[PDB]
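Protein chains in written order, with UniProt numbering: chain A, 1040 to 1662; chain B, 7 to 242; chain C, 6 to 143.
Built from N, CA and C at the ideal position, the CB exists for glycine as well.
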Amino acid sequence: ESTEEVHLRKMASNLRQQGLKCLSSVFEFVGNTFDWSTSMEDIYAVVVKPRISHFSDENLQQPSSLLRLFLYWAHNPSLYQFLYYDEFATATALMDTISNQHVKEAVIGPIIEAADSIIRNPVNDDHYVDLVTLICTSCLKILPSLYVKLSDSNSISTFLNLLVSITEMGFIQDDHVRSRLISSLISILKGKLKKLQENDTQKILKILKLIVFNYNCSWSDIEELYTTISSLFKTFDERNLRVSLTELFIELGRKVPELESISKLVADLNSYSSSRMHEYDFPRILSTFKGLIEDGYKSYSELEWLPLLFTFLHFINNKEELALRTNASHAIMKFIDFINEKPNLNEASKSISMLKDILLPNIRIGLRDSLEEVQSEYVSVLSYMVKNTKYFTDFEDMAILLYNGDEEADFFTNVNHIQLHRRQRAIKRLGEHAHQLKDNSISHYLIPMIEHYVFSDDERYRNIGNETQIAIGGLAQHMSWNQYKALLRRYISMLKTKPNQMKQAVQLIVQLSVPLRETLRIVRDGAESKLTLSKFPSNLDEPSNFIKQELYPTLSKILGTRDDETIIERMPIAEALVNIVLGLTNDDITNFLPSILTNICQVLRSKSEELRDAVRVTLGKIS
Amino acid sequence: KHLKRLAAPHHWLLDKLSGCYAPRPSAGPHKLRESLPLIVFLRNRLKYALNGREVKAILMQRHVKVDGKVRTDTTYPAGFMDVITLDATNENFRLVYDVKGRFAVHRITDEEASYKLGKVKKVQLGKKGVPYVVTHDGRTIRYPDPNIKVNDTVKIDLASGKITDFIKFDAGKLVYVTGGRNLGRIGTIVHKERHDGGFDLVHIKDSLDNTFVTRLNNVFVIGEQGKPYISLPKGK
Amino acid sequence: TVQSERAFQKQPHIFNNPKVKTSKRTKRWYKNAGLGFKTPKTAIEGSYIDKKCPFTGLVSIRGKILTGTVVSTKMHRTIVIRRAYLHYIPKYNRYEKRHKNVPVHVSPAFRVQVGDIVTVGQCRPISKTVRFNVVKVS
RNA sequence: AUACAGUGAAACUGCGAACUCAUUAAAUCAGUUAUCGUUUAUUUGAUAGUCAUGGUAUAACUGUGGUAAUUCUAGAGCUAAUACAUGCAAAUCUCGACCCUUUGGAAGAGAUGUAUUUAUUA
């Protein structure tokens, strides 16, 4: 402890670091060639014994030479005696360093890898058995605190491999450790495809199935794990992952008696055909659907709905079989019929909440989907549920749009009709029906349909998109002002994304800004009649100070977009900017009108004659 | 290396009857065409010294400090946005071009003379990963504001060579043009465009709403609209 | 055939590792030419090697940008474009059309026939008489 | 001025030393670019940690001489450098367990010139 010579202290520290890294590098470079057994006790007595007491605190921040030597000892089977000295003292120090609050996971990873290697490689010794048991207990204790702390995908895969090795060993028989491992597996399943690899996810599912087979499960925990497995089976498109989820459901059904019937139904639905690899059995699925249509939907419990609801959602989203999609739509209709046939309002509301959590966003995703068959199936399922259920407000709005079920009066029926003229009649009728449809209903349902009609590539379908854009501009007043702002943001994003969509976005922006201009003018005038925009803000200052201060950067971006093709689109954007200026306050309009006038003048200042004529027509409309 | 009196630039505004040979500006911060030598500044303009010998006597006596530091070379090039401090008189001059296209002095105060505006011609990452900017006078300033780009103006403290503030190139900003047929003009820019088979062209609007178009390298952002950072001569 | 010449034709300072199999056939480097000219997909997935190509070579486009009609395509990786500009002769008192021929390097990514309007750009001297490289083909 | 100290020949060193005769019409010249295609004595602004002091070889200068003789010469003797040759682990940072105790002190674990040529990696 003589601190008189800092030069001596620094020389000693440098000698220590160089000597330790030299000994480590000797160990990996020489390898399993030198007879280490002769100098084993001397090496452990000299370099390991004093630093063993504080190795756990020392190597927490970053990998060290002593830690690397320990990891190489754990990796090499012949070097197991180094760990085995002093009753797994070095292994206990490494486990304590893993269990403590490590600065990085870059030190936690290799220790777990060495523990997995030591577990995988058996050694015939009593000290080997004791060290394996101690390492397994330490890993089981550290695992819930290590799975969250591990921020690397490779580290997570190594931890999963170590957990699989521990499950193969069967070190833990307590149900508390099983519950902790189930919570960790649920946390791991709550992730992303980029976060967890498909092979890693399959291995984790296999480990979870092995744990479920090893440990008995209570009914409530089995139901929670079954709901998680149902969500996983809905998410997983891979048939191998589906088979793994089916095996997990079979284990849950072995655990619980009613879950046995539920998993039998799920396995009948998701039974893989032997003839086609990674393909479900069509006849078994058809038989299960036929049973569920008539006898099943009364028989199936409320909790048992969710796995079959997830399977039906997956089958409907799948475009492989239109017959399977129709069967899934029939199953959804049967679920809605069971909800309606339930006499209790709370019993119906439970299925309504389940649909709002799952089936309603699934229908929204199907409507947003480019798949025409899937969108038509979702629309037909929505119409059937609207006919079945009286409770739900968008269902009432859909019935009002149906208007006693006539083909021409109903927007959905004429859309299902192949006639584009019938589609135009449906769009025109929906324009008038926007005065009766709900705002949230319109925003959830008609806006994806109008967007699809606008984005359709046919010329008659482009006429459909123009009529739907007019109807959407009319219904934007019928929609909430927040929904209108969200639609304007979506239109701005579409304009930034695609130039071809931007012209349609410019037309929709003008046809939505004109009702916005009318509503803002009515708010400024303080008219006794209600404004066009439904559920508009009471303060006219706030809505204007939001909309104009958002649209002025948009107008600046449109003006800065000085392209010849964009200039045609900027002309409707100029009309929308004029509408925004008109909706703004008159003094603010008088201030901002020089900017729009200068933009229009720069547009008309083009030397091209045809562009000048087009800008002249646009400026005449604007004036 | 003898430069003719008729071959002297129009920016200097020399008297042709003075002598046969004009001074030739030395190598330094500014290019030879847009430089103004200290002998021309003191003798023909400020009339302090009557002939080149007592010009050399003054620049010996170190009253004239250019950009803070002291220069003893008679033909030292002093150019645009240069601060000249005559310590005996306690008068500080800033060199700005006239509207007609000639050099002119501007009487400035001390806290105005403490800073100088420069046009960032280069932004680059030097060795050891140290960012630097190269201004129009040739100054290399380490560790700038990361928002500083090419053709932006930086206000530089003369005592430390540090960037206090900076003005970004943007439409609707008061810029000054430093070259060509438009030389000596103050105005806010209409816009910037690309010329086919050519260069970036900047369209600038004057006070009388006249529009004039110049090169990108010619412009110099003196301040934002309505607030010039430097003082300006009478006549706008 | 890209390897027709006696020397090996490879893009300089691009190394594909023989140890690690790659999904792509060869690593290929492409540069944005600038002046708002998009990099063509033929240059993106081409197998051709060209030093003088503005998208896949060391030649950069700077200076002037010109347009002209293609006259001759006989020579290898070079075209001759004709630019017709109207000229005034005072003694004739009338405007008279004059033409100038600009030999222009053509990248193998672009396929040009006789009579196609092409956009070219200035670069460092490709050869004795070639200073211009195509950047857009209309 | 008991090292030299004022002024300084020679010398070494450093910097500068960039009139006559023939007639070409895209040649020259004049502008206009480009140098993401180049070189820098100088000027200006930046920029570099990775022995209380090493060894000579000469000029000017002494002297002995050769030539009809050149800013020609040989032999022997001298001593100087901003000439020539030689040549030197600590400190700064990051991660800092834990300690108290917040700014903080610290177990420890680690890192560390430039140029030339090329290959590889952002």
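Query	Result
Classification of A:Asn-1638 by the beta-carbon crowding that lies within 10 angstroms, buried from 16 upward	buried
Beta-carbon gap between A:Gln-1508 and A:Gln-1463 smaller than 9 Å	no
C-beta contact flag for B:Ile-45 and B:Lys-71 at 9 Å	no
Boundaries of the beta strand (DSSP E) in which B:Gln-130 is found, first to last residue	128-132
Within-9 Å CB hit, C:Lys-69 to chain B	yes
A:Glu-1126 - DSSP class collapsed to helix/strand/coil	coil
For B:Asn-98, the first and last residue of its enclosing beta strand (DSSP E)	97-103
Residue-level contact to chain B via CB, C:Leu-91, 9 Å cutoff	no
Beta-carbon neighbours of B:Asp-176, restricted to chain C and to distances below 7 Å	Those do not exist, as B:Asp-176 stays about 21 Å from chain C at its closest Cβ, beyond 7 Å.
A:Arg-1281 versus A:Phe-1272 - alpha carbon distance	6 Å
Among A:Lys-1574, A:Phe-1288, A:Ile-1158 and A:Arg-1278, the one whose alpha carbon lies nearest that of A:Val-1251	A:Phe-1288
Where the beta strand (DSSP E) through C:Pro-108 begins and ends	99-110
Within-9 Å CB hit, B:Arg-200 to chain C	yes
C-beta contact flag for A:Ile-1531 and A:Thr-1593 at 9 Å	yes
Buried or exposed (CB count within 10 angstroms, at least 16 for buried), A:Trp-1258	exposed
Minimum Cβ-Cβ distance from B:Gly-190 to chain C less than 9 Å	no
Neighbour-count burial assignment, A:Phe-1073, 16 or more Cβ in a 10 Å radius	exposed
Cβ distance (whole Å) where A:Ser-1422 is taken to contact A:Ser-1368 below 8 Å	That pair is no contact at about 10 Å.
Cβ-Cβ separation, A:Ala-1465 to A:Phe-1450 (assumed contact under 8 Å), whole Å	4 Å
Chain C residues whose Cβ lies nearer than 7 Å to that of B:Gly-203	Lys-69, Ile-70 and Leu-71
Within 9 Å, strictly: CB atoms of C:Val-142 and C:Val-123	yes
9 Å Cβ cutoff met for B:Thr-78 and B:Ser-32	no
8 Å contact criterion, which C:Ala-114 and C:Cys-58 should meet: CB distance rounded	7 Å
C-beta atoms of B:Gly-190 and B:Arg-100 nearer than 9 Å	no
C:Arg-87 - partner residues in DSSP beta bridges	C:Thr-74 and C:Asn-106
DSSP three-state assignment for A:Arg-1055, whether helix, strand or coil	helix
Under the three-state DSSP convention, the category B:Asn-188 falls into	helix
Buried or exposed by the 16-neighbour rule on C-beta atoms within 10 Å, applied to B:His-36	buried
Straight-line gap, A:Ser-1078 to A:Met-1134 (C-alpha atoms, nearest Å)	26 Å
Residue span of the beta strand (DSSP E) that contains B:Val-225, given as start and end	225-230
Per-residue DSSP class, three states only, for A:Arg-1462	helix
Helix, strand or coil at A:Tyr-1492 [DSSP, three-state]	helix
Cβ-based burial, A:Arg-1364 [other Cβ within 10 Å; buried from 16]	buried
Cβ of C:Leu-40 within 9 Å of any chain B Cβ	yes
Cβ pair A:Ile-1225, A:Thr-1267 closer than 9 Å	yes
Sub-9 Å separation of A:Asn-1479 and A:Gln-1522 beta-carbons	yes
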